[PDB]
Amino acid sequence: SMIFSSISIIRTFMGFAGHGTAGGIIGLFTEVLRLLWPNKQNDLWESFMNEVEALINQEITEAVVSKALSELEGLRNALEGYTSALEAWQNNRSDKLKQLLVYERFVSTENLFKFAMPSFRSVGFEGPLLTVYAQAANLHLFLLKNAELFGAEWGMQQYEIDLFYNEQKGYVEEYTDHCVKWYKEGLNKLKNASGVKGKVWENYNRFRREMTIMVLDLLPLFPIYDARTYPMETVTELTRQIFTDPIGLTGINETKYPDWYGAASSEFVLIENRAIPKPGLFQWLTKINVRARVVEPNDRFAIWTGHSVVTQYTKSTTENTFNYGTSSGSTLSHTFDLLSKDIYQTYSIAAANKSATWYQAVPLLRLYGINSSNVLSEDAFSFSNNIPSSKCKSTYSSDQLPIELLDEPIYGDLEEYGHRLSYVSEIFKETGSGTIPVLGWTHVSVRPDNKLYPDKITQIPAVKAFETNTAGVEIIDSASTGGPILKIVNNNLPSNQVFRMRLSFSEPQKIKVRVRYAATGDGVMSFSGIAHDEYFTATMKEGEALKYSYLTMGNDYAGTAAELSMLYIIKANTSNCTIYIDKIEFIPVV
């Protein structure tokens, strides 16, 4: 599967984020070439192009495909030759001629990326080529890291090490800007596509879901390839929530069993707003309730009357409850208790009946779970349904979000499953009765403990908090950071406090806190466990694109991790500006 190859690529680079040994680097390269060029063929890059063409409904001309693939094969052979020379040098570092040899393969291979990258954004085809661009962009940035890791030991002088560093910094911004712009444009085009609005939303959401996995999930890694800002292993999380296709009847196409699309709202914004909850602090699904009733227009079958969703914020027990529909008239009920479980797979039966009225039915939903002890669990409800099976649609979540479990599966293993169930929304319906539910998933790199890792940079998103101030603090979308971010407007802060977060550690932790932030003006920030507040300067002008830098607290004196940590903005000494908080980074001090 191509989606599962993409999940694996992301996971591989996240697993090796920040590492800088030559032996491990060699293992990452060999691993990565097998993933991206299975059996030394371009099969995966063809699938990248074919899938994206299908998603955004634009083909690529054979002249451009053939040129992209031809550069991709040159890139494969140059990386092969580079890793091979990196290995020969690593096993005989004192050999001058082997230092020369790996230096030459490096600059020749890095020049190929410079020469080749434009072929992956051919004018008129930047859209359908986007995943090819993102993935090659990713390799280029990672290759450039090698110069900072090994350059001086190859005989590189500092100026040339410094040139590659600065080139990498520019490419991070170029490649990120390109991926975001064309992600948003494909979205924009799909949003304005002709057709039944329900199917227009579905195609729009499918692009968002797959391109999040293929492209956006790459973008948080790009700054981590900065080996000066990240000189050791760095632990990152993707907090973004994506939605699988709505669980509604399709594919039968008979007047009595139509596709659900015609029943959805005729307004795009209504579907989007009811299917896709607002950004918030990251949320763990702890319960689902379904209420359903039986109808007998001719066939007889249950339909949902309403449903409810319960979540908790990270390391908080307070419950967030979201209700949909109603329980009035329901005669059936099922509650899934999901606290402690990663639900890694779902199975559903979808049905519909259009006669005097138009019913949508999900009479069966089965969840597959695994808990922290690695014990598999299952739970389901099966409600009445006498519609012939060939008039129903069964679906496995793992067909959009693939898994690959071991015989003794392990909780938290992304090598096995990359996503966990997080939400149940619905399709805003224009007519009829019955819930068309939509399932929301979060990425398994998010961990439920907010653990600090000694010996590692722990990068914790601000949204891993459990509380924010009542005013002046908003949570907003961000395409390039792997999840949402905090937006602070200072004149609207009731007080200095921005958010609260609970951390997990065994022993007392000697920390520096580095915030990755953006701001339109100057001010002063503060964090629990760190004595001195830190003045920060503007990174951007109001309105323009967000531009991030870093702000370190604990440079005067190392702090100690508070289990209950708060970020503060000192209103009195902060300008009348906007501040964005992306990640919180706990840097270990010796």
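Just count from 1 along the sequence shown to find any residue number.
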Look over 503-511 and 294-302 in the entry and identify the one with the greater average Cα temperature factor. 503-511
Segment of higher mean CA temperature factor, 244-252 or 89-97: 89-97
Among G482, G440, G151, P461, which carries the highest Cα B-factor? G151
Out of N273, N111, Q135, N496, which residue has the highest Cα temperature factor in the PDB record? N496
Hey, what third does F125 fall into on Cα B-factor, ranked over its chain? highest
CA B-factor ranking of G329, expressed as a third of its chain: middle
Going by what the PDB entry lists, where does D177 fall on CA B-factor within its chain: lowest, middle or highest third? lowest
Taking the values exactly as deposited, rank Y557 by C-alpha B-factor within its chain and report the matching third: lowest, middle or highest. highest
Relative C-alpha B-factor of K184, binned into the chain's lowest, middle or highest third: middle
